[PDB]
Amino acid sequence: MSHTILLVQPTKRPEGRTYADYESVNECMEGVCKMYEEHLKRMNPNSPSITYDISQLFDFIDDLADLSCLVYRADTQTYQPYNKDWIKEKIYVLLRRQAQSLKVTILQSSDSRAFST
């Protein structure tokens, strides 16, 4: 549970550079998936449940122009930098733990998640 800032450059256009912050690494990592999930929720609005492989999640991330995060360390009172591929792993670790090839299904009816293998 540490303050986490996320640097998102979606397209090569630098005016897209944006950021959000979260109370922990976890809801930052969930913040990324919720960015991809809102993208699928918007692509398929009439779909009640949208399923995606975790590879299409990483595919979306890979296509982002830039993604990085900054995690607070109370002992030094700074922010540690981790790059995109790091973030993808924490999302892999987060979604894998959430379940118990990974397949996530986006149940819009509940703003919740479900999994498969």
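Numbers follow the displayed sequence, beginning with 1.
- In this entry, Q100 and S101 are separated by 10 or more residues of the deposited sequence that lack coordinates.
- Once the C-alpha B-factors are averaged per stretch, 59 to 67 and 44 to 52 rank with 44 to 52 first.
- Per the deposited record, the Cα B-factor of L94 falls in the middle third when ranked against the other modelled residues of its chain.
- Ranked within its chain, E37 lands in the middle third, by CA B factor from the PDB record.
- Among all modelled residues in its chain, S109 ranks in the highest third by Cα B-factor.
- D75 sits in the highest third of its chain by CA B factor, as recorded in the PDB entry.
- Among the modelled residues of its chain, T11 has a C-alpha B-factor that falls in the highest third, as given in the PDB entry.
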